[PDB]
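A lone chain, given as structure tokens: the form deposited in one PDB entry.
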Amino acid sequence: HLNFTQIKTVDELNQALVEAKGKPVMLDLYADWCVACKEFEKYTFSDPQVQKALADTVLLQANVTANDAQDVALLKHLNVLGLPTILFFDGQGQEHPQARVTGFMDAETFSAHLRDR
């Protein structure tokens, strides 16, 4: 349902953040094998409340399924401990670590998180 822009590398993330500057950003770290990622798609990203709450946010996604060298370098640079992980950047491109989501959240919980981020 959500319309994500895929990014693969650190450099691609940086250029996406340059281009997004002035608008907030969400970066979803995805893998086909991560059950929580599939649960986000099923329960959370499918919910209109969440979709509408994100309508004015730039949505980026990295698909780290393969755990290839670029995937690994991206996760390292973001200091990601494992999946699921969703990061947020404000309209200046700054990441606030308290806004990271590192477990499943249902639509109500995720929407409240957004509201608080």
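All residue numbers refer to positions in the sequence shown, first residue = 1.
When the mean C-alpha temperature factors of 37 to 45 and 75 to 83 are read from the deposited coordinates, 75 to 83 comes out higher. Per-stretch averaging of Cα B factors for 16 to 24 and 101 to 109 places 16 to 24 on top. Out of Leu60, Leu54, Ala69, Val64, it is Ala69 whose C-alpha atom has the highest B-factor in the PDB entry.
The same protein also exists as the form solved in complex with a partner chain; that form is not shown, yet it is the one meant from here on.
Although the partner chain is omitted here, in the deposited complex none of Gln6, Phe45 and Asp56 has a heavy atom within 4.5 Å of it. Mapping the unseen interface onto this chain, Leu83 counts among the residues with a heavy atom inside 4.5 Å of the partner chain in the deposited complex. In the deposited complex, at least one heavy atom of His96 sits within 4.5 Å of a heavy atom of the partner chain. Looking at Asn67, you'd find a heavy atom of it within 4.5 angstroms of the partner chain in the deposited complex. Remark: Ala36 counts among the residues lining the partner chain in the deposited complex, judged by a heavy atom distance of 4.5 Å or less.
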